[PDB]
Structure formats: C-alpha cells, structure tokens
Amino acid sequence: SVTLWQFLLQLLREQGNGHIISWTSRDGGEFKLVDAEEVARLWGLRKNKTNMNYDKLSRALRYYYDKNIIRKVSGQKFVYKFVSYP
C-alpha cells in the first residue's frame, strides 16, 4: 500500500542513495532524481515489476500536481518539490 511520494521520501530519508536521489533544498522540500531511470526501476521493483521507467513514474508525479502533493520546480531538470513539509 505504498505510494510514489512516500517511496521517494523514504529514498531521501535513508543514507546511501545520494547517487540516485538527493535534496536540492531540504527546507524547501525540493529534490532531484539524480539517476531518474534508476529511481524508476526501484519504484517498479517495489511492486515486483521490472519495467517501470522515468516516463511512467513522471506521469504519476504529474498526476500529483493537481493534488498539491508534489510540483515541478520549473527549469531545473529532474527536480520536484514536496508541497507539504518533508
């Protein structure tokens, strides 16, 4: 029953993932998918699937925009922002 946003948060709150995901503003809730295809693979694997990629994961993130859960940081490649404090 895990959601994409909780999954990204766990990846960010756990040491050792800096080569694939990283804060750019911790207080701002702003993070970068440093190795986006790797993050996507890991997200698919969370559901026992081997074929999740950045296109599909990013579509799920875009569905978060209307929900005020996550927004795009405009003009920063692979950077997104949690709206509620992470």
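Don't overthink the numbering: it's just position in the shown sequence, from 1.
The PDB entry records a higher mean C-alpha B factor for 22 to 30 than for its counterpart among 22 to 30 and 35 to 43.
In the PDB entry, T50 places in the middle third of its chain by CA B-factor. The PDB entry assigns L8 a C-alpha temperature factor belonging to the middle third of its chain's modelled residues.
In the PDB entry, a CA B factor belonging to the highest third of its chain's modelled residues is recorded for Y85.
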